[PDB]
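1. Make a model of this:
(6 chains, ligands or ions: 32)
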Amino acid sequence: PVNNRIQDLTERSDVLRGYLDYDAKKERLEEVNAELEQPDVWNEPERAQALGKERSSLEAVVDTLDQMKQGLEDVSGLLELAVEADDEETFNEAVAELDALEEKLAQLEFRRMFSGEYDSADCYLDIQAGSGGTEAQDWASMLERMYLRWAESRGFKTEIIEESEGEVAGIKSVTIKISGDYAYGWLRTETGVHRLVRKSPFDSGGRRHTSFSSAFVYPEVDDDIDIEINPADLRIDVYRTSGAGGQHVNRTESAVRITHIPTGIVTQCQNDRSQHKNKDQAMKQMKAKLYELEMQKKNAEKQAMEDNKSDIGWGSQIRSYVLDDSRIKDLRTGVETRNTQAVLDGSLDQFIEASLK
Amino acid sequence: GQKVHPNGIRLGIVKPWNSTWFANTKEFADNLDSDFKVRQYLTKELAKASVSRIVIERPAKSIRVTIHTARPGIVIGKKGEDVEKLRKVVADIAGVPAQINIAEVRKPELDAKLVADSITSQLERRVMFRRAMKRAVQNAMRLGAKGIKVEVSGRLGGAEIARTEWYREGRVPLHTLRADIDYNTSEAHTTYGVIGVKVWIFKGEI
RNA sequence: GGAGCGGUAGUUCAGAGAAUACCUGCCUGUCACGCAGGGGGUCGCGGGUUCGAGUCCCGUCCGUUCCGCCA
RNA sequence: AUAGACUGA
RNA sequence: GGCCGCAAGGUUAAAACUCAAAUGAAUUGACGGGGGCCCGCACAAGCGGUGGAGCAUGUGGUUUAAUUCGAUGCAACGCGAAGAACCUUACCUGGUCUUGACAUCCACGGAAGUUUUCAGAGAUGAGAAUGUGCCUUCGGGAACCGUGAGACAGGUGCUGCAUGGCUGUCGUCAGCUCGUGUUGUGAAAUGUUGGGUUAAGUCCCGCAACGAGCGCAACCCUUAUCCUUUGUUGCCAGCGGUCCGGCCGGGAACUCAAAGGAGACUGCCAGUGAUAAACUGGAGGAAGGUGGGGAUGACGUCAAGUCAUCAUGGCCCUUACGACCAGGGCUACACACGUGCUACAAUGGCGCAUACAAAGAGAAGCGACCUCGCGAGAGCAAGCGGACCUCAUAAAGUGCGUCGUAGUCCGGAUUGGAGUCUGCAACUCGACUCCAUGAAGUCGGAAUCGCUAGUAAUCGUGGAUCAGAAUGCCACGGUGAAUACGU
RNA sequence: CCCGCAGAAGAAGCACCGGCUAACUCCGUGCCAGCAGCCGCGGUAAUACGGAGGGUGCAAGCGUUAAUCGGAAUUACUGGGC
Ligand SMILES: [Mg+2]
Ligand SMILES: [Mg+2]
Ligand SMILES: [Mg+2]
Ligand SMILES: [Mg+2]
Ligand SMILES: [Mg+2]
Ligand SMILES: [Mg+2]
Ligand SMILES: [Mg+2]
Ligand SMILES: [Mg+2]
Ligand SMILES: [Mg+2]
Ligand SMILES: [Mg+2]
Ligand SMILES: [Mg+2]
Ligand SMILES: [Mg+2]
Ligand SMILES: [Mg+2]
Ligand SMILES: [Mg+2]
Ligand SMILES: [Mg+2]
Ligand SMILES: [Mg+2]
Ligand SMILES: [Mg+2]
Ligand SMILES: [Mg+2]
Ligand SMILES: [Mg+2]
Ligand SMILES: [Mg+2]
Ligand SMILES: [Mg+2]
Ligand SMILES: [Mg+2]
Ligand SMILES: [Mg+2]
Ligand SMILES: [Mg+2]
Ligand SMILES: [Mg+2]
Ligand SMILES: [Mg+2]
Ligand SMILES: [Mg+2]
Ligand SMILES: [Mg+2]
Ligand SMILES: [Mg+2]
Ligand SMILES: [Mg+2]
Ligand SMILES: [Mg+2]
Ligand SMILES: [Mg+2]
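-> Residues are numbered from 1 along each chain as shown, chains lettered A, B, ... in the order given. Ligands and ions are numbered 1, 2, ... in the order given. Provided below are the atomic coordinates:
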């Protein structure tokens, strides 16, 4: 079976060679070496050092795959000298070398799935029923159950944040926190509307009906603003209290106005008779406004990603689940699985792997 | 709903058995299996011989097979060569000496098995189901049957939805136990599926 | 800034309870309603008195009020 | 005397 | 916009845009918290249960490497499964094979086979001996094993919303139709409606209808009475004798056994009724109005169930979605539901004594008698392919004694120890026996089920599956009620 | 316009085939791509989508769009209704 393991790693190396196109990376390296070999590259140090690091990045994949095939040949040769000569010592040594090759190959395998700052952040799944009514709610409940079971299989923690139970059956909307290593990276590609094609149990006539449920996965964010304002970035000016005392002959410089020098936001307080209390109130208001600015920065996605969220209805399907004919298919990846049962409870990684492309 | 088999419900009243032999519990199963093998062989070879039914009788250490057919000439063969060859194989299957006799089923139109086989053959040859059913009913009534009911079920005409059609003329009393109701079934393997044909023939009471 | 009122079941209110809420089992073709059986907080947070504290006392967050004026 | 509602192939 | 009006508003009066319909009369169904008339344990009157406890079993859920697949209101849930330790097995882990485990066919080598070692958990692999046979144009081969093809095998893989076949259900409900004639432009109507009457579209009468078919009834099985046969392995009235035991001699009476007939037909009498159909009674008769029970399930309804009995179009895999083997799983367990068994005791527990059944199975089987073991059973060994022998003491019941209202001399769950039987092998995961322990449970909330007479309730007995493994399924008898004013 | 020379030699495409309306099968797709004057077709066995074979109707033209009349007795004078 160890020879089968060698072939399996050979298959993994060969497909990883195709995916990462190390020959094309070497093709990129062809013109990388053109300017690096000649001394006429330090005129612009950005051209020199960046190419040097890019060359290392290209050769990282290229050389590892080269060492991968060479190592596989060495393991095959050692096992031929081991099993045929009954040398169990070399038989175990080649297994350890083969395991080391798998570790090197897995590094490049994980390299492709490495993407985004939130790649290791905990993911938050939101499932909302759409067209289909009660049947859509049931489909949403079936959708969240397999997501929870998939997360449990991966070992990720499950936390039901909120669920608004359906009026008749199922749940209208669920929000579940899935916490684990690279949880967002695993489930970031499960975003969209899923189509369910089955005979509706709620329909009296038993007609074949189509239902839709959404699945929005938003990553873990700081969700907190701890920005502290700077006295050097703030300008405070005192002036007469125009309100409630601006009429009298005797006016004091109790009114204050704090203007943020970088941003330009102006804040003024005239309620209290003491300039120090007015300064404190203006400081609270200005800091609160700055807090709002960072919140609006976070809210930029709440107006963009929410708009990008396609309607839960016809024509927005990302994956088709034909339970009547047992032909679950992901249109985006072109992957068809005949076993509906498995996809209904777990085994979603089969479509996830192709979705990582 | 569901209907009892006319032959089974009339087995002891107005119908004979297709297998008449006495055996204890030890050899009852062996005799039944041997009869099944003999019938399977004879039906396969004499499919083109228009065999209505086969009766297997087991005397002491012997098996006498009577084959009822509408075309005795082909079954008998030249100088009895065909029946002799059939007798040899039947004896080999049974394990005891065999004696094959041939009976003539005159008026082939008044036989449930023959009509059902003819209809299925026409359906396989893509003959219109209604034309086949009407012709079979008309022939039986012309010959002198007091009543005939023909039912054809399946994907008739290649339609994606199967349906059941039936034509009945005369009296076909299925609730009278003293009625000589001849009932038989057959199946036609068309290019779209399997089509079942059932024939009821009433030839009088008692 | 001064003087009071509070903070208790998921929520609203009493002093560890009530209503709503939530489970489970019934009824019904199914839901709702309805019937029956249950659980659910250890008193905003800390300290101190007390044999003994949700309670009494002090400090602190938290919300509610009124006042904060005359030149 | 009380008694409501059955999405969408 | 104009005119009118105190106002509310009235009068005249568009356009953009949108859809392929909107609408009237009539027809067939379906429905109504519309009407009239009826039926069914449907209510009403009763009896006994479930829902509370323990256990058995199935299901959902959860868990798991797998916990195989299917069945989901009535009409899924002691269901396919009339019986998972291996097998079954279709699932998982691991070790293996790849014209294959299973088929045809070509060529070549071989008889086929029968025994012994051999390494492996086993598959398998390496050997070693033994025979090397039979029909035989003695020319052949025939059969049965291997090798090498490659056309092909193989699938419990998907679709029951492509199908055949089979089945459930409304529902054994009484309805569903057709030919011709007639009416209406037509969908359609009539017949098939109406007065009775019936279990019934059962029958009579009327009628633009006349007839017919599938349905109802009858013909079929069984039971209740009698006659005729036949009298053994069954029976014992008259006897003969007898150990008193139908035990022999006997007998063909009777019970009984299985074949053929008789009998029940509103056939007869009274009364009502439209001089009809029928109904209410009565006589006789074993049986009176279908005497009881069963089989028999119309056109169709649910795209109802089954592609996993089987067959089957199409699609899918072919060094694997095929095949072999070992082990494990289907028996997992924070829970919920369904169907049952045992109880919560005195109409009873226990000890002793003593009566009354029916039906069925048995040859790789039923197993007598005797001996041994407290017991499950063990040894020996008759009879029976059976009205003969065995399974095979029926229990409830009756008599006596005791317990004396207590979680008990109720209840027997659970657990410890020791054994028997089948089976290669009872760890996961069989049944049973002996000693020991002795749980909940003291009659069960909302709610819910079955039953109209030899029925309910209760008591035992047998069979299919099956080497072993029933509280389930199927059948057999023993005691044996209460109630039905009525719609 | 006529007479000679040479050689079949230099010369056929467009729309459509579910019904209206003449002309049918296979393959690919799977409520997607798309078609569409109206009814509508496509959700794994499509004569309606795309391609191929065959066929139909026109032809140096063939289809689509725009505009008028007709069908429209659907402004009814011929010739309608409350
Ligand atoms: Mg509403
Ligand atoms: Mg106006
Ligand atoms: Mg009642
Ligand atoms: Mg219970
Ligand atoms: Mg199951
Ligand atoms: Mg299946
Ligand atoms: Mg097993
Ligand atoms: Mg096994
Ligand atoms: Mg079906
Ligand atoms: Mg007419
Ligand atoms: Mg009628
Ligand atoms: Mg009728
Ligand atoms: Mg009438
Ligand atoms: Mg009739
Ligand atoms: Mg009449
Ligand atoms: Mg009488
Ligand atoms: Mg009948
Ligand atoms: Mg179905
Ligand atoms: Mg199904
Ligand atoms: Mg099971
Ligand atoms: Mg067990
Ligand atoms: Mg017997
Ligand atoms: Mg006891
Ligand atoms: Mg107790
Ligand atoms: Mg009754
Ligand atoms: Mg038995
Ligand atoms: Mg058994
Ligand atoms: Mg009984
Ligand atoms: Mg045409
Ligand atoms: Mg196609
Ligand atoms: Mg005009
Ligand atoms: Mg008009």
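
2. sec struct for residue 56, please.
-> You didn't say which chain, so I picked chain A. helix (DSSP: H, G, I helix; E, B strand; the rest coil).

3. actually it's chain B I care about, not the one you picked
-> The three-state assignment at residue B:56 reads strand, by three-state DSSP.

4. Could you chop chain B up by domain?
-> Split into domains by CATH domains of a matching chain, chain B comes to B:16-106, B:107-206.

5. Kindly export the host helix or strand of residue A:11 (C-alpha atoms) in CSV.
-> Element membership for residue A:11, per DSSP states H and E: helix A:2-20. Extracted in CSV, the C-alpha atoms of helix A:2-20 (Å, rounded to 0.1, in the frame of the first residue of the first chain):
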residue,chain,number,x,y,z
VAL,A,2,3.0,2.3,0.4
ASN,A,3,3.6,2.2,-3.3
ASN,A,4,0.0,3.3,-3.7
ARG,A,5,0.8,6.2,-1.3
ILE,A,6,3.7,7.1,-3.6
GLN,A,7,1.4,7.1,-6.6
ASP,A,8,-1.2,9.2,-4.7
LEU,A,9,1.5,11.8,-3.8
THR,A,10,2.6,11.7,-7.4
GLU,A,11,-0.9,12.4,-8.5
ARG,A,12,-1.2,15.3,-6.0
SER,A,13,2.2,16.7,-7.2
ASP,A,14,1.2,16.5,-10.9
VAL,A,15,-2.2,18.2,-10.4
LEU,A,16,-0.6,20.8,-8.2
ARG,A,17,1.9,21.3,-11.0
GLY,A,18,-1.0,22.0,-13.3
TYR,A,19,-2.8,24.3,-10.8
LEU,A,20,0.2,26.4,-9.9
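
6. Tell me where chain B has helices.
-> With helices called from DSSP state H, chain B shows them at B:6-9, B:25-45, B:72-76, B:81-94, B:112-124, B:129-143.

7. Mind giving me the packing neighbours of the fifth one?
-> In terms of contacts (3 or more C-beta pairs under 8 Å, 6 or more residues apart in numbering or on different chains; DSSP states H and E), helix B:112-124 is packed against strand B:51-57, helix B:129-143, strand B:147-154, strand B:179-189, strand B:194-205. To be clear about C-beta, it is placed using only N, CA and C from the backbone, and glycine gets the same treatment.

8. Identify the residues contacting the closest residue to residue A:190 other than its chain neighbours.
-> Closest residue to residue A:190 apart from its sequence neighbours, by C-beta to C-beta, 6 or more residues apart in numbering or on different chains: residue A:215 at 5.4 Å. The contact partners of residue A:215, by C-beta atoms under 8 Å, 6 or more residues apart in numbering or on different chains, come to A:125-127, A:143, A:147, A:190-194.

9. Could you count how many residues lie near the residue in chain A that RNA strand C sits nearest to?
-> Nearest residue of chain A to RNA strand C (C-beta to the nearest atom of the strand) works out as residue A:168 at 4.8 Å. When neighbours are defined as other C-beta atoms under 10 Å in any protein chain shown, residue A:168 has 11 of them.

10. swap in residue A:159?
-> Close neighbours of residue A:159, defined as other C-beta under 10 Å, add up to 11.
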